[PDB]
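One structure below.
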Amino acid sequence: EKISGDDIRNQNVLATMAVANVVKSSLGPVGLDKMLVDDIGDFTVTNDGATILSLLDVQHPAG
Amino acid sequence: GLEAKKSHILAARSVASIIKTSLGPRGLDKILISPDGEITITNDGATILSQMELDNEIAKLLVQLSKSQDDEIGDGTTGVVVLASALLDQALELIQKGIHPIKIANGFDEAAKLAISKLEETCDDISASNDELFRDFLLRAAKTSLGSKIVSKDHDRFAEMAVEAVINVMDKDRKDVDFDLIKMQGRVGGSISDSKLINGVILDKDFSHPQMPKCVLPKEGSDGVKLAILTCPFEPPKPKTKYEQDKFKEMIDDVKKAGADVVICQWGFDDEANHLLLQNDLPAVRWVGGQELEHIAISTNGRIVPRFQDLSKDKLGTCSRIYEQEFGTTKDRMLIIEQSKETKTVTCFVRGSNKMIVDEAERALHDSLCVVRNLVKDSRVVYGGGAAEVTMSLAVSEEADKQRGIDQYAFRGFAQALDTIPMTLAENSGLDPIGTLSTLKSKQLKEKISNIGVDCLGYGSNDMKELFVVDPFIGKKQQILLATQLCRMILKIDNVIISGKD
Amino acid sequence: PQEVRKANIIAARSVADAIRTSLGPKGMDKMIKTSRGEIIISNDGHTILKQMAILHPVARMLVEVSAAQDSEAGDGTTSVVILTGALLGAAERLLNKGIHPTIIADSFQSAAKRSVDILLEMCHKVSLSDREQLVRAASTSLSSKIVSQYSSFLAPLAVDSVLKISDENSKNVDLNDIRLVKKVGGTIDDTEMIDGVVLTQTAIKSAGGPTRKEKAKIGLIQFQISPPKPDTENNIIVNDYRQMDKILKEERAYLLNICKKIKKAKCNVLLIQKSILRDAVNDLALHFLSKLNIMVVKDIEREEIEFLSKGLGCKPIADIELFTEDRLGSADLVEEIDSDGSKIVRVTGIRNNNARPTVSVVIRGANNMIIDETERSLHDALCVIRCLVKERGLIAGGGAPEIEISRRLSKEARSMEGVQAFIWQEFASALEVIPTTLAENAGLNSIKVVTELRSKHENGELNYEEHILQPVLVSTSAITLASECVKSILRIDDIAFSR
Amino acid sequence: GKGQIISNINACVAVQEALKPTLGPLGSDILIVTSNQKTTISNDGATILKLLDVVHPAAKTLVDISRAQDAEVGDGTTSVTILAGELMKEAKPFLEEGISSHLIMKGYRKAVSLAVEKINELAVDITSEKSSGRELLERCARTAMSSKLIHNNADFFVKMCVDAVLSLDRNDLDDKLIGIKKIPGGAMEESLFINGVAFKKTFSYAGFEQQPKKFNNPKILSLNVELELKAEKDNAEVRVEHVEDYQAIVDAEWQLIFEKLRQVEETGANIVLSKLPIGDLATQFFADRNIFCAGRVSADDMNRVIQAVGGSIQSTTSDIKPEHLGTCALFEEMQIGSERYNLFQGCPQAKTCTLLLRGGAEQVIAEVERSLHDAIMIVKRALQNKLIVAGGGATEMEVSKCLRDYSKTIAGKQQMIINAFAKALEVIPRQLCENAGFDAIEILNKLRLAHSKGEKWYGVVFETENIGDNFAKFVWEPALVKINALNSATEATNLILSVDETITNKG
Amino acid sequence: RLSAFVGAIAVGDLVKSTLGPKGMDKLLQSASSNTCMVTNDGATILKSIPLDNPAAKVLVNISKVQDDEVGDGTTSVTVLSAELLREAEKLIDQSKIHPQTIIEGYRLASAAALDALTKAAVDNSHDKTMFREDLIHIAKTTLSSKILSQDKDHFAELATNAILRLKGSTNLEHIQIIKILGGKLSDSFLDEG
Amino acid sequence: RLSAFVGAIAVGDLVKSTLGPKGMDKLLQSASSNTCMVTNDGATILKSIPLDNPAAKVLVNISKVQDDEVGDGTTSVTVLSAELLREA
Amino acid sequence: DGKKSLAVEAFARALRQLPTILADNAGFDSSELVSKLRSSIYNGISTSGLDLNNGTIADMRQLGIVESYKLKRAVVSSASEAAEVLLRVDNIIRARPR
């Protein structure tokens with residue numbers, strides 16, 4: 001598949017929107033954390049935004 | 001937005017694509033079906049655009065485009081639409097390149113003003129040389145518009161009808177020509193070889209009885225022939241809802257005192273009344289239309305007399321004579337009224353072997369009359385067929401690079417849009433429009449600038465000089481005007497809102 | 001059958017529509033995701049078309065055009081694709097007018113041949129005797145590379161290398177004869193141009209190797225020193241210490257006889273082709289050649305075999321029986337220079353009658369990204385110099401000559417007659433796409449900038465103060481290869497399955 | 001819920017989007033097809049919104065506020081809707097963030113209250129300073145006529161335009177009092193001004209070459225009944241067996257018609273006007289007495305005749321009073337345009353006039369007539385209101401400039417709301433540059449350069465693309481338009497954002 | 001008959017664009033798609049394309065015999081055979097003609113075609129220099145439709161002077177073709193060594 | 001272009017069998033089915049059969065004038081007029 | 001001319017369509033009789049014509065089959081003029097039936 005024009009510009013914004021919304025709640029000392037569940041069924045929770053982005057699964061190549 | 005600019009070009013192109021192949025002397029005819037069930041076939045866009053009913057608001061501007069031009073010219077009906085549609089083709093490519101339509105419309109205005117000044121230097125004059133030379137080029141000028149019709153066989157005979165009819169209705173000092181001063185009347189039956197040119201009106205009457213003289217007597221060297229125009233018939237009166245002998249004497253005495261001979265009325269006459277008119281030398285004419293009574297008073301300088309007691313000498317129309325001339329073996333046997341002096345109006349006599357043939361020769365003859373109107377008003381004349389679009393394109397293309405602006409692309413597309421007309425005529429003539437377009441250009445460059453047109457009519461070459469095809473210069477200026485003016489009005493509409501019919 | 005040609009133009013124009021936005025340093029990159037899962041991105045037009053995995057055959061020809069564009073001019077692989085799609089788009093409206101594609105293909109012949117002579121009129125002819133313009137042309141062309149300051153010393157190195165291997169009047173100059181040898185270590189400022197050749201490997205890593213020899217002969221030997229290994233099945237069992245030495249003496253006798261014929265031939269330096277099948281040279285033979293003072297260099301890649309058989313003037317040796325001294329080469333001095341764990345070997349002073357223009361340049365650097373981009377950085381510099389040697393003169397880039405040719409071709413064609421005027425003026429309208437993509441990718445207004453360019457062409461000239469110069473061979477090989485590419489497309493009237 | 005408010009946002013933009021190309025004198029025209037099957041094309045926002053008849057209640061508010069703009073002022077009906085609907089788009093992202101709509105509407109009324117105060121500061125009263133009496137109105141008419149096909153002939157058009165306004169009392173002026181009759185054909189520079197009123201002259205009936213067109217002081221009389229012999233519908237049914245009685249009933253029906261016909265001669269009026277067609281019977285008897293009569297006159301032209309010579313309309317020909325008659329100074333019938341046109345001249349009591357226009361086509365003259373209406377409103381409001389403000393981007397950019405500095409001293413949500421209202425003021429100069437073909441990206445940035453140098457009068461040049469002062473361009477606008485536009489746009493916007501739910505009952 | 005007449009026209013419609021110097025090239029693609037080659041040779045197109053029509057296979061074996069005698073003009077033979085079958089559909093259906101009569105009609109028509117070429121054949125025995133020019137013009141028509149048409153003007157004297165050096169049997173075993181990469185096509189020369 | 005050619009051939013295909021003394025007669029039927037008649041005259045067949053093609057009515061109207069001028073060979077004129085358009 | 005060559009040639013073949021259809025209506029062979037009739041008339045001695053009775057080509061003068069000059073002239077004339085009208089029309093426009 002090949003997509004050109006302004007259609008791909010709107011897809012790149014929506015792809016990076018869901019990825020950026022993950023760290024918006026964790027910013028600052030008052031920020032909140034979240035759990036990352038894998039396919040095995042285990043999970044983990046931490047307040048560090050770098051650890052969440054390391055284990056974050058991004059399917060779209062833009063994100 | 002987007003879909004608006006793209007749909008307007010495609011909608012205007014589809015409507016204009018109908019009359020493209022029909023523009024020319026070799027153009028193609030069409031079949032028009034009237035709502036009453038009659039089938040009409042004509043190549044003139046005036047009838048085609050009027051008969052075709054469409055709800056598209058974009059194409060309605062093309063209907064009003066040739067509506068005002070039909071009275072001024074009448075031969076540019078299908079020529080202005082194709083010329084205006086060519087400007088929309090080049091304007092669509094400029095929109096996709098990021099050029100606003102405002103600069104496109106303003107660019108077409110400067111292209112028209114510069115191109116008109118080019119044809120003003122190359123124009124020639126006819127009547128400015130000799131009066132006899134004027135009728136020389138005018139006689140063969142009407143033969144061009146008659147080549148696309150069945151008239152092309154008799155075109156040599158009918159060429160003298162358009163010239164003599166205009167001279168009678170015009171003055172040397174005034175030089176005023178109007179189409180209302182010329183009456184076009186014809187009936188079904190007969191042939192086209194028996195049609196002559198007669199100055200006067202025809203009442204289509206057998207004079208109600210053969211004993212009446214076929215020629216009006218001068219009445220002891222009187223002045224002309226005094227005829228009566230009345231709205232009431234000559235007969236014993238009858239009510240319209242649900243003594244006779246003495247009534248006849250009272251009506252005849254009023255005619256002798258006024259000095260009238262021919263009695264013209266709107267309704268038929270009694271058979272007993274015509275018996276006493278034989279010995280009194282008083283011819284009677286019955287069954288005359290109401291509209292025909294108005295045209296008689298204009299030519300014969302008469303008046304409308306409503307009642308018998310209103311008869312007067314100044315209200316009687318004066319003509320030279322009234323006679324009944326038989327045409328072929330037809331049993332119609334109409335009447336001919338002559339003048340033998342300059343009138344304020346004329347009437348053409350047109351016949352044909354079929355209904356549509358009568359309307360074919362009637363509209364073709366009227367088209368040549370409108371051309372003569374512009375030749376008298378505008379002394380400057382040029383050969384318009386195939387010359388203008390070729391010459392106007394070369395002048396704008398050379399001056400486009402010197403502007404150095406947005407109008408440079410508008411001038412390039414303007415010259416390419418003009419080339420659509422000669423290529424369209426080349427496609428109608430059965431030749432390659434690719435090689436024909438530049439063939440007209442190259443002959444105007446290496447040799448000299450002249451008028452060399454399309455091969456549709458045919459000649460040893462493409463030159464229009466010897467072929468004697470001339471077009472009015474004032475007509476060519478108004479054709480490129482309304483075409484460019486409407487093109488700015490098409491881009492002027494940025495939104496289309498159409499409601500329902502309640 | 002026209003539906004095939006109408007679909008081939010649309011399919012090819014859709015490819016050039018994405019490539020025309022990547023032209024220039026301000027062009028937009030394209031995301032490419034391979035089927036294997038590797039994600040790569042770049043603005044190179046040749047890289048996009050190579051990894052695109054093109055299926056449709058007509059679109060596959062654009063890859064060969066970009067490959068031939070880099071093999072000849074070396075620059076403009078993106079611009080040549082844009083011009084190809086422009087002629088297909090301009091000829092699309094010609095098909096609606098009833099024009100057969102053969103006339104369109106034949107009309108491009110007179111337009112391409114005339115555009116070359118017109119381009120030479122506006123071009124300013126230069127000469128190879130002036131080195132001031134040659135260095136400035138190669139230095140400014142490196143502004144597209146990571147190192148701006150280190151590009152100043154690289155310009156005169158590439159110019160002086162070509163002027164020594166080329167005469168005053170030359171035509172065909174092969175840049176593949178100059179091999180760039182990259183090695184980890186060193187710096188960018190330290191670079192040397194080695195006359196004869198430079199290899200990719202060391203000589204002897206063990207003890208006893210001289211590693212340096214004066215007045216040495218170098219030749220290619222495809223043979224290899226190994227113990228006898230017949231293709232049949234054998235069994236070796238040694239139950240006694242005397243039996244092991246007996247077989248060893250029989251093997252060392254065969255290993256020595258190979259070295260005896262080499263010593264009698266006065267061979268200072270030897271070359272053995274690397275073969276993973278069997279062993280190249282036994283360790284016992286290295287100790288035998290150590291006392292003989294014979295330099296041995298192993299692990300020679302197969303790519304350099306054809307390079308060493310030409311520039312060195314020697315011949316490949318398949319068997320020792322056909323090995324003679326007359327088939328070897330000559331070298332004045334052979335030494336191994338070690339700079340920061342380099343141990344690189346250089347050869348100078350060939351002095352052979354069969355010698356040809358082959359000069360090797362050594363590239364040094366610390367990180368892998370240094371010697372990598374530098375190899376491609378100097379590769380583009382030799383291409384610019386190659387354009388001036390084949391065709392003298394240069395033109396000002398930036399879409400200026402594309403419009404100037406369109407202005408002169410449109411005016412001179414108005415004096416033609418008939419078909420000559422209509423069709424042959426459509427080639428000038430397709431040349432405006434090159435300056436248009438340059439203004440759009442830079443954020444400038446499309447129509448407004450092009451109108452400003454047409455204003456200065458009547459008064460001014462092609463020019464120069466911005467130090468932007470495009471070689472003439474890029475513009476020459478553009479229209480030339482595009483005329484043959486568009487012709488080969490329209491001449492295909494159908495595509496059928498044949499097996 | 002919030003879904004109804006979002007639905008009202010796109011409804012206001014859809015109405016605004018249609019009025020964007022109609023903003024400005026050079027703007028595009030919109031095509032509207034009424035259910036009456038009559039093609040109507042105009043750039044005036046009033047007529048545009050009245051012919052749409054939008055069923056949407058919030059979109060109808062933008063139509064209703066345009067009628068209020070046409071009532072009090074009458075100019076700027078297009079810009080008042082564009083400015084009102086612009087706040088719908090600016091408040092769209094604020095609704096998703098949780099900002100209440102009432103806090104947004106509250107910040108507008110504080111910004112408009114401060115904007116009206118700045119309008120009076122920018123309005124400078126000037127009459128006789130650096131200007132004369134005649135050149136004051138002439139320089140204003142050439143501004144609206146610029147960038148048009150009449151720019152070359154505008155020299156002769158201004159003289160006829162200024163004299164049309166001065167022909168009426170300067171205390172009460174109305175655009176409907178100035179008549180305009182389109183004459184197809186002829187040169188544009190040959191048009192003349194008429195002091196009286198003219199009509200179409202639809203009379204189709206024969207009897208010409210009588211009733212000469214050269215009069216001195218003819219008396220005008222209004223005709224009601226029909227003077228022709230045969231009636232339109234009814235008749236008289238008489239059954240007689242006598243031959244002589246057949247001719248008697250013909251004159252008997254004519255005797256009843258000649259009764260009221262002869263009474264017209266007793267009045268002694270050479271001019272006879274009637275809304276009904278006059279047959280050949282009345283014009284034949286009036287030919288010997290040199291009495292002119294014209295039928296099939298429109299009702300709109302008959303009302304102007306009463307206000308011209310001070311006439312009256314009477315039912316019969318008996319009770320007509322002598323003071324109901326009127327006369328002009330000169331009567332001349334012009335054949336210009338291949339058609340004869342009657343006109344009146346020299347009426348001192350005339351409250352109306354007529355301005356004839358000539359051109360190459362009817363569609364070309366229609367653009368000249370509408371381009372003149374924009375110039376008449378500028379000439380009319382010059383003498384009426386002495387307080388004028390600089391238009392064409394001048395005032396529009398400054399109102400948005402001051403609100404940016406005043407918002408820095410205000411804390412809370414109202415800071416970004418005023419900044420959003422100041423940004424909402426940028427749509428007016430935008431569409432002016434887009435509808436004129438100029439680039440809106442470059443001019444918007446270049447205009448803000450000199451606009452920050454302290455001079456508040458910098459406008460936008462409508463002729464050649466550039467930034468500069470409209471004071472030299474002679475672009476003038478009254479202060480009542482700028483004040484009422486901000487109040488009408490805010491009042492209409494406050495009613496749309498205040499609707500939480502739309503309830504519609506079917507029946 | 002419907003499959004043989006229409007099937008033979010479809011075969012002739014493929015190579016009809018390969019006839020003449022102004023003709024066009026036909027592109028072929030296999031399942032692997034990497035074997036695609038652009039060539040104007042009619043023998044390569046017919047032999048490579050598989051066909052399930054048994055009537056179309058007849059023209060394939062006949063074209064092999066024509067290619068062995070000369071090697072050119074094989075495209076004109078297929079097109080001429082296809083035009084006779086295309087016009088035969090109108091002769092059979094609407095013209096009421098027996099198919100054997102059509103076969104006998106070509107026999108009487110072939111005798112008139114050979115007699116026209118016999119009366120129009122003119123040769124000059126004297127002035128062998130003029131006969132050499134005739135071999136130059138014939139070689140130009142054989143090199144047509146091929147890339148060699150560029151240098152064909154230089155290749156005209158190459159093939160003409162080569163045949164004049166035989167003076168013996170027409171067998172082609174005397175002329176050996178050698179092809180080496182590098183250099184322009186115009187660098188070819190004639191060598192008897 | 002296709003409606004005019006097929007429409008003209010369809011008119012000629014009706015009277016093509018009525019030409020000559022050895023020709024064939026065409027049968028017509030109405031809704032009542034009791035008005036059926038057998039005649040080979042082209043003037044009776046063309047005028048009775050209604051047609052939805054206005055281009056086909058032009059050939060019928062021309063044949064009406066030709067039938068009054070001579071009266072014989074009207075069928076041959078209709079067929080010959082269709083042969084020129086069929087070969088087109 | 002070039003474009004007028006096939007147009008005039010097509011008119012000659014349309015003239016032979018009348019005897020072809022006439023032979024089909026009679027039941028005879030239109031291919032054999034019409035073709036053999038052209039060979040004898042081509043060069044000299046033009047007498048015989050198609051006979052619808054016996055099935056051979058015999059003399060039309062002996063069988064008493066002749067046609068009038070004015071009758072055959074109107075057939076070739078009116079048909080040639082009527083064919084040009086239908087071929088010239090490239091478009092058909094039908095209004096709303098009432």
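Scheme for the structure tokens: letters A, B, ... for chains in order shown; per-chain residue numbers from 1; ligand numbers from 1 in order shown.
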Can you list every residue in range 5-189 of chain E that DSSP puts in strand (DSSP E), as a list in words?
residues 25, 26, 27, 28, 29, 38 and 39 of chain E
Can you write just those residues out, N, CA and C atoms, as an mmCIF file, in the first residue's frame?
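New file again08.cif:
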data_model
loop_
_atom_site.group_PDB
_atom_site.id
_atom_site.type_symbol
_atom_site.label_atom_id
_atom_site.label_comp_id
_atom_site.auth_asym_id
_atom_site.auth_seq_id
_atom_site.Cartn_x
_atom_site.Cartn_y
_atom_site.Cartn_z
ATOM 1 N N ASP E 25 7.359 -1.967 -30.619
ATOM 2 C CA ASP E 25 7.875 -3.158 -29.962
ATOM 3 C C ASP E 25 6.835 -3.730 -29.008
ATOM 4 N N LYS E 26 6.773 -5.056 -28.937
ATOM 5 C CA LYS E 26 5.852 -5.754 -28.049
ATOM 6 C C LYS E 26 6.602 -6.247 -26.818
ATOM 7 N N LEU E 27 6.021 -6.018 -25.644
ATOM 8 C CA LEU E 27 6.614 -6.424 -24.378
ATOM 9 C C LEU E 27 5.944 -7.690 -23.864
ATOM 10 N N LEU E 28 6.756 -8.618 -23.364
ATOM 11 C CA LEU E 28 6.277 -9.876 -22.813
ATOM 12 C C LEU E 28 6.745 -10.020 -21.372
ATOM 13 N N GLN E 29 5.914 -10.664 -20.554
ATOM 14 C CA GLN E 29 6.209 -10.857 -19.141
ATOM 15 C C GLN E 29 5.798 -12.260 -18.727
ATOM 16 N N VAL E 38 12.353 -6.544 -24.328
ATOM 17 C CA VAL E 38 11.729 -5.745 -25.375
ATOM 18 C C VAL E 38 12.426 -6.075 -26.688
ATOM 19 N N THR E 39 11.687 -6.668 -27.623
ATOM 20 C CA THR E 39 12.241 -7.024 -28.920
ATOM 21 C C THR E 39 11.144 -6.956 -29.974
#
If we count only C-alpha atoms, what is near residue 226 in chain C at a cut-off of 8 Å, once residues fewer than 5 positions away on the same chain are taken out, given as a short mmCIF file (atom, residue, chain, number, x, y, z; two decimals) with N, CA, C and O atoms, in the first residue's frame?
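Here's the written file part23.cif:
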data_model
loop_
_atom_site.label_atom_id
_atom_site.label_comp_id
_atom_site.auth_asym_id
_atom_site.auth_seq_id
_atom_site.Cartn_x
_atom_site.Cartn_y
_atom_site.Cartn_z
N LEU C 255 55.10 -29.25 -0.21
CA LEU C 255 54.95 -27.84 0.12
C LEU C 255 56.20 -27.05 -0.23
O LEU C 255 56.12 -25.86 -0.55
N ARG C 278 39.00 -24.60 0.65
CA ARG C 278 40.15 -25.24 1.27
C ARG C 278 41.08 -24.17 1.85
O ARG C 278 40.81 -22.97 1.78
N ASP C 279 42.18 -24.63 2.43
CA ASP C 279 43.16 -23.71 3.01
C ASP C 279 43.95 -23.01 1.91
O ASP C 279 44.26 -23.60 0.87
N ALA C 280 44.27 -21.74 2.15
CA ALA C 280 45.01 -20.96 1.16
C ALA C 280 46.49 -21.34 1.16
O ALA C 280 47.00 -21.93 0.20
N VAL C 281 47.20 -21.00 2.23
CA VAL C 281 48.61 -21.31 2.38
C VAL C 281 48.82 -21.96 3.74
O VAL C 281 48.36 -21.43 4.76
N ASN C 282 49.50 -23.10 3.75
CA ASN C 282 49.77 -23.81 5.00
C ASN C 282 50.76 -23.01 5.85
O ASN C 282 51.57 -22.24 5.33
#
Sorted by chain and rising residue number, list the residues of chain C at most 10 Å from chain A (counting only C-alpha atoms), each with its closest atom pair and distance in Å to one decimal, as a tab-separated table.
residue	atom	partner	partner_atom	distance
C:14	CA	A:4	CA	9.8
C:17	CA	A:4	CA	9.3
C:18	CA	A:4	CA	7.6
C:30	CA	A:4	CA	9.7
C:31	CA	A:61	CA	8.6
C:32	CA	A:2	CA	9.4
C:33	CA	A:61	CA	8.4
C:39	CA	A:61	CA	7.9
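Residues within 7 Å of range 45-56 of chain A, counting only C-alpha atoms and excluding same-chain residues fewer than 4 positions away, are residues 23, 26, 32, 33, 34, 35 and 36 of chain A.
Considering only C-alpha atoms, the residue among C:142, C:469, C:371, C:444 positioned nearest to chain D is C:444.
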Mind checking DSSP for chain G and telling me the alpha helix (DSSP H) residues as a PyMOL selection string?
chain G and resi 3-15+17-26+30-42+60-63+69-88
For range 178-185 of chain E: contacts at 8 Å, only C-alpha atoms, fewer than 3 positions along chain excluded, given as a ChimeraX atom specification
/E:148,151,188
Expected file contents, prior selection, N, CA and C atoms, as a PDB file, in the first residue's frame:
ATOM      1  N   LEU E 148      20.207  -0.719 -35.033  1.00  0.00           N
ATOM      2  CA  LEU E 148      21.274  -0.419 -35.981  1.00  0.00           C
ATOM      3  C   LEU E 148      20.871   0.611 -37.028  1.00  0.00           C
ATOM      4  N   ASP E 151      23.227   3.926 -37.172  1.00  0.00           N
ATOM      5  CA  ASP E 151      24.454   3.843 -37.952  1.00  0.00           C
ATOM      6  C   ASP E 151      24.268   3.082 -39.260  1.00  0.00           C
ATOM      7  N   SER E 188      32.510  -0.902 -36.105  1.00  0.00           N
ATOM      8  CA  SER E 188      32.593  -2.182 -36.791  1.00  0.00           C
ATOM      9  C   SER E 188      33.279  -2.029 -38.143  1.00  0.00           C
TER      10      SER E 188
END
Need the shell around range 57-59 of chain G: protein/DNA/RNA residues with any atom at most 9 Å away, counting only C-alpha atoms. Skip same-chain ones fewer than 5 positions apart. Format as a ChimeraX atom specification?
/G:33,36-37,47-52,64-65
Could you write out the selected residues, including C-alpha atoms, as a PDB file, in the first residue's frame?
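The resulting file, part11.pdb, is shown below:
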ATOM      1  CA  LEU G  33     -25.929 -14.276 -60.708  1.00  0.00           C
ATOM      2  CA  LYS G  36     -21.579 -13.119 -63.704  1.00  0.00           C
ATOM      3  CA  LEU G  37     -23.786 -10.206 -64.796  1.00  0.00           C
ATOM      4  CA  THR G  47     -27.926  -6.427 -73.091  1.00  0.00           C
ATOM      5  CA  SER G  48     -28.864  -9.247 -70.725  1.00  0.00           C
ATOM      6  CA  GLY G  49     -29.901  -8.826 -67.102  1.00  0.00           C
ATOM      7  CA  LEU G  50     -31.133 -10.760 -64.097  1.00  0.00           C
ATOM      8  CA  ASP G  51     -34.182 -12.946 -64.759  1.00  0.00           C
ATOM      9  CA  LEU G  52     -36.410 -13.927 -61.834  1.00  0.00           C
ATOM     10  CA  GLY G  64     -39.935  -6.982 -72.024  1.00  0.00           C
ATOM     11  CA  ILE G  65     -38.448  -5.523 -68.827  1.00  0.00           C
TER      12      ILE G  65
END
Sort by chain and increasing residue number a table of all residues of chain D within 8 Å of chain B, each with its closest pair of atoms and their distance in Å to one decimal, counting only C-alpha atoms, and write it as a Markdown table.
| residue | atom | partner | partner_atom | distance |
| --- | --- | --- | --- | --- |
| D:18 | CA | B:495 | CA | 6.8 |
| D:21 | CA | B:494 | CA | 6.8 |
| D:28 | CA | B:492 | CA | 5.1 |
| D:29 | CA | B:493 | CA | 5.1 |
| D:30 | CA | B:495 | CA | 5.2 |
| D:31 | CA | B:496 | CA | 4.8 |
| D:32 | CA | B:497 | CA | 4.8 |
| D:33 | CA | B:498 | CA | 4.7 |
| D:34 | CA | B:499 | CA | 6.0 |
| D:35 | CA | B:501 | CA | 5.0 |
| D:36 | CA | B:501 | CA | 7.5 |
| D:37 | CA | B:501 | CA | 7.7 |
| D:206 | CA | B:294 | CA | 6.6 |
| D:207 | CA | B:303 | CA | 7.2 |
| D:237 | CA | B:241 | CA | 6.6 |
| D:238 | CA | B:239 | CA | 7.9 |
| D:239 | CA | B:242 | CA | 7.5 |
| D:243 | CA | B:243 | CA | 6.1 |
| D:244 | CA | B:243 | CA | 7.0 |
| D:246 | CA | B:237 | CA | 5.8 |
| D:247 | CA | B:237 | CA | 6.6 |
| D:281 | CA | B:306 | CA | 7.8 |
| D:361 | CA | B:68 | CA | 7.3 |
| D:364 | CA | B:485 | CA | 7.9 |
| D:435 | CA | B:102 | CA | 7.2 |
| D:436 | CA | B:102 | CA | 6.2 |
| D:437 | CA | B:102 | CA | 4.9 |
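Near residue 382 in chain D, within 10 Å and counting only C-alpha atoms, sit residues 127, 136, 137, 140, 376, 388, 476, 477 and 478 of chain D, not including residues fewer than 6 positions from it in the same chain.
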Spatial neighbours of residue 58 in chain E, 10 Å, only C-alpha atoms, chain gap at least 5 places, as JSON, numbers by chain
{"E": [8, 53, 63]}
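Nearest-residue note for residue 479 in chain B: choosing from B:255, B:114, B:418, B:146, the minimum distance belongs to B:418, counting only C-alpha atoms.
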